Every structure is written in C-alpha cells, then in structure tokens.
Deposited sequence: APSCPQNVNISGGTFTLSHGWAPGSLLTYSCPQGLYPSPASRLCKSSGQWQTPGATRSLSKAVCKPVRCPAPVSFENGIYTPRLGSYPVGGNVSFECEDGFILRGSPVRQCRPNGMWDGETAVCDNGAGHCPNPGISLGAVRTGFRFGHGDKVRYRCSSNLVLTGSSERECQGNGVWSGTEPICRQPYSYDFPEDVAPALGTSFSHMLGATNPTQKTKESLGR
C-alpha cells in the first residue's frame, strides 16, 4: 500500500484507486498555478513513482526577440494577468495585438504582434512569444524555420513556406510552458 504523506502545498489531489498499487494520484492547483510534480503512480512495491509537491506560479513566455520595435515591460517571463505592449519603429506597421494579457494557462491572449514594412510577397510571419526564427526573406518560395526556446513546447509548423498566394504554409508555431501539458480540458 502506498503512503499518505502526499499533500501538496496550496492544492488538492484525487486518487484513482485509493492507496492501492496501480492507483494514479492527480494533483490540482488553483487557477494560475501548476502542481510540481503533477501526478504519482502507486507501484506494486507500495511506493509512489512520478512518471514534496508544491503549487508554483504559471508564467507566460517572454519574447526572445522582437524585431523593429520595442515591448514593455521587458521581462524574462510574465505573470498571470500581466500585460505586455508592443510598438514598432518608423517605417513599420504593427500587425497583430499591440497589447496582450498573460492568461492563467500560460498563454497570451490576442495574436502575435509583428512590425511589418510591407515589403514581402508574404507578410512578415512574425515570431511568436518564446520562439526563435531562422530566415529573413518573405518572397514566393522562401522559407522560415522555428524552434521553441528553453524547455518550451512547440505546436504548429516548425517550417513555413511563402506560397504563390502570399500565404505562409502550415500554421503559426506556438510555444507553451511544458507544465501546461499536465492541464486537463474543462476544469472548474
């Protein structure tokens, strides 16, 4: 039987099959916090295995770069509820959201801010917050590549091609906190 010394600071947990081997423990934290660790599995040995628990603040990813413009405030990551504001230098027009708020799930609201000089066959595809991009030409057939920085998790296209219609192929890559992958759907 697995031991009961498994309380989480600031949060709660559920057991799938009580304290028995095979039982999955799932931690939950209040909105805007995440459990570290997120779960434990009760082993046949009678000891827990993660695939002292604490609830830690969610943060949204900071820009790694923001070209031909400035953002404020300038931080290495952002608190839940915090806003970041974007402004472009002369000769560039801001596309996307000039003000964005960090949501409790670690994602920014609105859409990626981009300072675009309007010179490409395709628009400047921008650089989503936490991503690093390769490529500087936005003509028909040109390609950009992306990765997510640090331990951030990528969704969407890591390579995009500027198509004949002036649309980048695929979908904009987005970088998420790795602990967001412990969040369920449909939570109160």
Gaps vs the deposited sequence (1-based, no CA atoms) are 1-2, 54-60, 198-223
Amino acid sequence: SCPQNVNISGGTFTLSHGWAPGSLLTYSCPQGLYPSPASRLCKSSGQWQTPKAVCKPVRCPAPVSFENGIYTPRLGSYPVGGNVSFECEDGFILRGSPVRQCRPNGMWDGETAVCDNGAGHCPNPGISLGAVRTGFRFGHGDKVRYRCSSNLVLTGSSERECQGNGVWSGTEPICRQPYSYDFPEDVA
From here on, numbers count along this sequence of modelled residues.
Higher of the two mean Cα B-factors (145-153, 159-167; per PDB record) comes from 159-167
Averaging the C-alpha temperature factors as deposited, the higher value of 9-17 versus 173-181 falls on 9-17
Listed options 40, 133, 137, 59: highest C-alpha B factor recorded at 137
Among 118, 81, 110, 76, highest Cα B-factor in the entry goes to 118
In terms of its chain's C-alpha B-factors, the third that includes residue 123 is the middle
Here the Cα B-factor of residue 94, set against its chain, lands in the third termed middle
Split the chain's modelled residues into thirds by Cα B-factor; residue 129 lands in the lowest
Of the three thirds of the chain ranked by Cα temperature factor, residue 64 occupies the lowest
